[PDB]
Structure formats: C-alpha cells, structure tokens
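Asks: sequence unknown, structure follows:
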C-alpha cells in the first residue's frame with residue numbers, strides 16, 4: 001500500500017513524492033523552460049523539519065538554499081530564488097528591486 005507516515009513532515013514529503021513520481025516526462029506539454037520549483041522537505045529521524053531546505057530548477061544551473069527558524073520551514077524570505085549563498089540573517093530588503101509575480105492560474 002502507501003508506506004505509513006505519522007509525523008506530518010513525512011506525510012507532506014510523500015504527497016510531493018507521489019506527484020513527482022506521477023509526472024515523469026522529459027517534456028510532453030508545450031514550450032517549457034522556466035516553470036521549475038523542485039523541493040522535497042526531508043525530516044529528522046525524530047520528525048523535526050530539516051534545519052535547511054534547497055530548491056532545484058535545471059540540473060546544475062542554480063541551487064538556492066535557506067535555513068528554517070520555525071518548524072513549518074515555510075517562512076521563506078520572499079526570495080524563492082536566492083543568489084546562491086544561504087545567508088540567513090533577515091528578510092527585509094528595503095529597495096523595491098522586485099515586487100514579485102506568482103499569482104497566475106493555468107487555463
């Protein structure tokens with residue numbers, strides 16, 4: 001069957017694992033190059049969240065990482081790509097370099 005989870009870190013991870021495993025395709029939709037956001041939230045053996053996560057896109061084109069302060073590890077600094085050094089210290093830049101874009105449905 002499904003493997004048993006208990007600690008919901010493992011359960012979240014398995015929802016990503018299942019959907020990743022389902023979507024095996026080199027490219028089988030259309031013009032795609034800039035739409036990747038690959039993250040798997042691995043847990044401690046006692047079911048803490050990992051102290052640092054990373055995000056993948058293309059095989060070695062970048063590799064942002066960050067740390068977690070909270071257990072939810074989802075209080076990301078508002079930069080879903082960091083320049084590449086996981087300097088956790090804060091999340092307030094002042095300069096409105098970007099205001100971000102993420103809200104875009106698919107129809």
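Replies: Okay, I see it. Residues are numbered from 1 along each chain as shown.

Asks: list the contacts of the residue nearest the centre of the chain.
Replies: The centre of the chain sits closest to residue 39, judged by CA atoms, centre = their mean, with a distance of 3.6 Å. Contacts for residue 39 (CB atoms under 8 Å, 6 or more residues apart in numbering) come out as 16, 53-56. Every C-beta, even on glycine, is put in place using the N, C-alpha and C of the backbone.

Asks: what ranges do the strands span in this structure?
Replies: For the chain, strands defined by DSSP state E occupy the ranges 52-55, 64-67.

Asks: now those strands as a markdown table including distance to residue 102?
Replies: Converted to a markdown table, the strands of the chain look like this (distance: least, CB to CB, whole Å):
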| stretch | distance to residue 102 |
| --- | --- |
| strand 52-55 | 14 |
| strand 64-67 | 15 |
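
Asks: show me the helices in the chain, by range?
Replies: 8-22 (DSSP state H).

Asks: next, count neighbours for residue 92.
Replies: 6 (other CB atoms under 10 Å).

Asks: no no, residue 16
Replies: 13.

Asks: now residue 40
Replies: Other residues near residue 40 number 15, with proximity taken as other CB under 10 Å.

Asks: same thing with residue 43?
Replies: 17.

Asks: mind listing what it touches?
Replies: 7, 9-10, 13, 49-50.

Asks: look up how far residue 55 lies from it.
Replies: 17 Å (CB to CB, to the nearest Å).

Asks: now residue 42
Replies: Residue 42 is 13 Å from residue 55, by CB to CB.

Asks: what does residue 4 give?
Replies: 28 Å.

Asks: nice, that's everything, thank you.
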